[PDB]
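Participant: here is the input, now give the coordinates:
(9 chains)
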Amino acid sequence: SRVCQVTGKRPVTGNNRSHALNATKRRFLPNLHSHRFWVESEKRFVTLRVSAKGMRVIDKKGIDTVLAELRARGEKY
Amino acid sequence: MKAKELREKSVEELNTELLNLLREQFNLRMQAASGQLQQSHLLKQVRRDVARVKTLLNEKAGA
Amino acid sequence: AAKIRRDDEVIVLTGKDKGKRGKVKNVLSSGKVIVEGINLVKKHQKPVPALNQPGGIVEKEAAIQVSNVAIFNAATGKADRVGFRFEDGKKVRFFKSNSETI
Amino acid sequence: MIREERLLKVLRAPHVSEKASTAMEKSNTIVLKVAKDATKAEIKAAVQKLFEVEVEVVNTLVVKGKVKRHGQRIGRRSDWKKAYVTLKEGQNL
Amino acid sequence: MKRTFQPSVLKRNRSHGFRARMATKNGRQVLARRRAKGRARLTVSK
RNA sequence: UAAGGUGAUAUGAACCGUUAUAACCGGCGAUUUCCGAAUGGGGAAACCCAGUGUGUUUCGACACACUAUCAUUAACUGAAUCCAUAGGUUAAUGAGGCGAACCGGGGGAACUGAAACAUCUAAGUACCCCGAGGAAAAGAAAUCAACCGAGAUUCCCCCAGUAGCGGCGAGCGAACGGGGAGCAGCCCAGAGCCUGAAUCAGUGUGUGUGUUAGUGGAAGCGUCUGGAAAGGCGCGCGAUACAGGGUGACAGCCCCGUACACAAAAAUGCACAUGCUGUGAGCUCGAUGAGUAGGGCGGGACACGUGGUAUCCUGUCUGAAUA
RNA sequence: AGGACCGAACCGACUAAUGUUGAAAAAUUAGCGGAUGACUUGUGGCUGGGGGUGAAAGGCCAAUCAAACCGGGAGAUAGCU
RNA sequence: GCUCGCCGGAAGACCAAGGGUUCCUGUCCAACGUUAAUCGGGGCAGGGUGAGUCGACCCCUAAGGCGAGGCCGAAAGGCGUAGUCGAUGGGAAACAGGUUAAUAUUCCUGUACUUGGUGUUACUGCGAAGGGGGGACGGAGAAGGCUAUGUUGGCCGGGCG
RNA sequence: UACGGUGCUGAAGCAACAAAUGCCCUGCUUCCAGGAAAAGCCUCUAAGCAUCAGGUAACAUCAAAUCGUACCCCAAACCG
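Facilitator: Numbers count the residues shown, from 1 in each chain, chains lettered A, B, ... in the order given. Take a look at the structure below.
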């Protein structure tokens, strides 16, 4: 499943538009990446399937507060 | 004395159920297979009695 | 409640005979009573084993409807209607316009 | 000792006394129409308790019910199981 | 000719049977459709 | 409620009661095989085979209860590795599946029309999937308006086939404002102060209104035709009942009824006057919600087809100020 | 030994005749090809429709195939009968 | 009942699939039978399938299917480990004679075979999703030794045509 | 004689020869195209148990449940 796992970006649909304004339907799937994040509090590396914008959210908020938001959202890591 | 089941509101009716089934409903089925007349109403009567004493054994654990 | 019971002297109003009067034998579930000497019919009974072995032209009572036969007032020689007026478990039937219970 | 007596209602009816049952009676065994779920051990214990006779062996057979009705209302007879219980010496039934 | 219908109860009860239908979601849909139609013989089993 | 019953084709046999326990109807309770989400494992639905624990026994074996998966929580165990952690076991609570339509969301056509067809239309329709409720969604202004002002959402009637969009073709099509239906606002990001002070649920003594059975309930007789009067001819009567259905032809007064009065053990729907429990009122002011608003590049929605194109949503890349 | 030879079962289908409102929605009767192999057959499985499979013919996919069958768009549209 | 003809590597018999009472008996001849039918696979009624040894079930696996977690998916779902299914294969054991109108390796007679539980006597290191062995596997061809079976001879019971 | 079928008795019941595509044969030979799996079965130990449990031989006893079994048997009962 292509979910950002911190912000929930999902493959969204909207059609290709040509020069002759033709509408063939395509997908806008996210920039998901599997990255291992070091947590100081639990002293353990943790993997996460995260978009690049989600890693911007990581570097802005902090790893532990977004992990606490995941645990309050009731979703496994 | 309040209900019409005072003969089955007494204690230890499981042997009454056993006497009502064992050889009673059995021999009634035996001569019903052989073929008689008062048996025709008798087996519905004893089947209803067995049902009644079974629910009286089910409604209380004291008998 | 039932206006005519098992054993009451009743008189007919409509249907073939009018003035002949008899005692009701039984009330059918469908509302067609049997009252003797009223709806006679001689049928043709087949030769069958056990019950009615030879058959014949045996007369038996046919079924008269409940609405065609009324309860006869004993005191005055008329047909009368009856109604119920009591409050506890027994409802007495009383003669209408005679006000006498049965 | 014996199995519980409320399960000793398996014996339904003996037979119609047709010539297979009666010829097999005068040779060795009685024929019983029994239950649908009665084990051979249950038929044997039921004979030895409800009748007074000991039984050597039981042969169990279930027989298909017939259709037996015409095309206006198709029916089926209920299935039943028949037991030949073997009573070799001192047969009183 | 070898005719088209060659009967086999194993193949029948594994292709169009109740358990062959209630494993798949669309089989559950066809069983519910036949229930809504009101049929007596829901599947081919009996 | 009761003098009649043991459901129908369906007669018969054998019986049960006759105002006090026949049947029938109503409330609550009891049993409820097997399959089926099927849930102990498996399977060709309605079958095969288990494990553990209690009980009975010259002993052949039986009876009952539990044992699926997942989520959350609690306890105990617990590797690579030292601590931990992953994992395993036990216990609690919940879910699963079905359902005709309505609701929200993830996807999403083509025939057809354009007298062809690709932009457009059909159409976010048909269909698939997910989820919830008795309704759902939306909902309390970073909204409209125009220098006057209205004050949340939804629904109906106009505005109006209008402004507008558009191979400016086919066609799509608002808003402002007005008349209605209903009309209730609040809370956290917060400390202190007085602190179940008013609301929201659960549970309960009691009343009222219903429901699930029902009880009374008016008044018609002669003659004629006729197989049979309910029809015809006379004389009466009831009507808060002349709605309706049968009764041997067309019945207000023959029977069920109907109008209208009455009735509830037992369980449940609303109003709660109401006792207890859980959440919390009002004075000062710190902040009033940052990878967000905005932007670049592809798209989608708004009547609006990127056009001079505002507004909303974001797949990629950036990115402020904070009354 | 042999994708050897003659020839039964078995597999197939080259010629003729009859059938063609047939015994049969491709068969019967004479002949015919292969018949230890790239054979044939029973049982169970797998591959699903712009897909499968094909010693290749648009062959076959349930007596249906230049694109299966069933239900829904759907009363498609029909300047044509 | 006597003759005649047809098949006899089946047009005989027994299994498997499939079907489901079509089997046997009494009765009937409207409807079916390409005709009548006294007859039938037809109507109606009654009867009938007997298992420790034959199959299924059971214990194992193949192709393949389902799959706790798991990996991948816009949902639906796709794949797959542990595991759990799946015979068309591998696992224990019964034959001969008789019987019914209809059942027979099932009933009866005779003679046996196999696997477990329990009790006793004597001896004693027993112990597994573990290791090993076995199960355990092809095509073709040639003997050799047999048996099922058949012919002849003897023997016996009849014939004297 | 129910005219099919029952009670009693029942002689000989042996050799030689030809015998398969069946049995030895899951054998032998030969060849390349190199010919399933697991369980039952036979041994060995691991953790454990030591007059225990368990195994082995004999004997006795008990159990082997449940389902199918009729009939069609290359067809008038299957598919047409």
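
Participant: count the neighbours of the residue in chain C that RNA strand I sits nearest to for me.
Facilitator: The nearest approach of chain C to RNA strand I comes at residue C:49, 29.4 Å away (Cβ to the nearest atom of the strand). Every C-beta, even on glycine, is put in place using the N, C-alpha and C of the backbone. When neighbours are defined as other Cβ atoms under 10 Å in any protein chain shown, residue C:49 has 6 of them.

Participant: who's in contact with the strand ranked longest in chain C?
Facilitator: Across chain C, the longest stretch assigned as strand under DSSP state E is strand C:21-26. Under the contact criterion Cβ atoms under 8 Å, 6 or more residues apart in numbering or on different chains, strand C:21-26 has outside partners C:4-12, C:33-38, C:61, C:69, C:72.

Participant: follow-up on the earlier one: name the SS class of the residue of chain C closest to RNA strand I, please.
Facilitator: coil (DSSP: H, G, I helix; E, B strand; the rest coil).

Participant: around RNA strand G, pick out the residues from chain E.
Facilitator: Applying Cβ under 7 Å from any atom of the strand, one finds that chain E approaches RNA strand G through E:1, E:4, E:5, E:6, E:8, E:10, E:11, E:14, E:15.

Participant: and the two most separated of these?
Facilitator: Maximum pairwise distance among those (Cβ to Cβ): 26.2 Å, between E:1 and E:14.

Participant: with neighbour numbers in mind, choose between the two.
Facilitator: Just comparing residue E:1 and residue E:14: by other Cβ under 10 Å the higher neighbour count belongs to residue E:14, 11 against 3.

Participant: give the contact list for the more buried one.
Facilitator: residue E:20.

Participant: strands along the chain, start to end?
Facilitator: Went with chain A since none was named. Under DSSP E, chain A gives strands at A:12-17, A:23-28, A:32-39, A:44-51.

Participant: that's the wrong chain, I wanted chain D
Facilitator: Using DSSP E, strands in chain D cover D:11-13, D:29-34, D:58-63, D:80-86.

Participant: show me the contact partners of the last one.
Facilitator: It stands for strand D:80-86. D:12, D:24, D:28-36, D:38, D:40, D:43-44, D:47, D:55-63, D:65.

Participant: of the residues you listed, grab the buried ones for ChimeraX.
Facilitator: Remark: buried members of these, expressed as a ChimeraX selection using 16 or more other Cβ atoms under 10 Å in any protein chain shown:
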select /D:12,29,30,31,32,33,34,35,38,43,44,47,55,58,60
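
Participant: just to revisit the earlier point, of the residues of chain E next to RNA strand G, closest to residue D:73?
Facilitator: Nearest member of the residues of chain E next to RNA strand G to residue D:73, counting by Cβ to Cβ, is residue E:5, at 29.3 Å.

Participant: so which residue of chain D comes closest to RNA strand F?
Facilitator: Per Cβ to the nearest atom of the strand, residue D:1 is where chain D lies closest to RNA strand F, at 4.6 Å.

Participant: one more: chain B?
Facilitator: For chain B, Cβ to the nearest atom of the strand, closest residue to RNA strand F: residue B:41, 3.3 Å.

Participant: so that residue, which state does it fall into?
Facilitator: Strictly by three-state DSSP, residue B:41 counts as helix.

Participant: could you report the neighbour count for it?
Facilitator: There are 9 residues near residue B:41, going by other Cβ under 10 Å.

Participant: list the contacts for it?
Facilitator: Contacts of residue B:41 (Cβ under 8 Å, 6+ apart): none.

Participant: check the gap between it and residue E:16 for me.
Facilitator: 50 Å (Cβ to Cβ, to the nearest Å).

Participant: would you map the helices across chain D?
Facilitator: D:19-27, D:40-50 (DSSP state H).

Participant: distance of the spatially most distant residue from the centre of chain A from residue A:28?
Facilitator: In chain A, residue A:20 marks the outermost C-alpha relative to the chain mean, sitting 34.4 Å out by Cα atoms, centre = their mean. Using Cβ to Cβ, residue A:20 is found at 22 Å from residue A:28.

Participant: residue D:2 now?
Facilitator: 79 Å.

Participant: and the residue of chain C closest to RNA strand H?
Facilitator: Closest point on chain C to RNA strand H, by Cβ to the nearest atom of the strand, is residue C:49, at 16.1 Å.

Participant: contact partners for that residue?
Facilitator: With contacts taken as Cβ under 8 Å, 6+ apart, residue C:49 has no neighbouring residues.

Participant: do you know how far it is from residue C:55?
Facilitator: Taking Cβ to Cβ, one finds residue C:49 at 11 Å from residue C:55.
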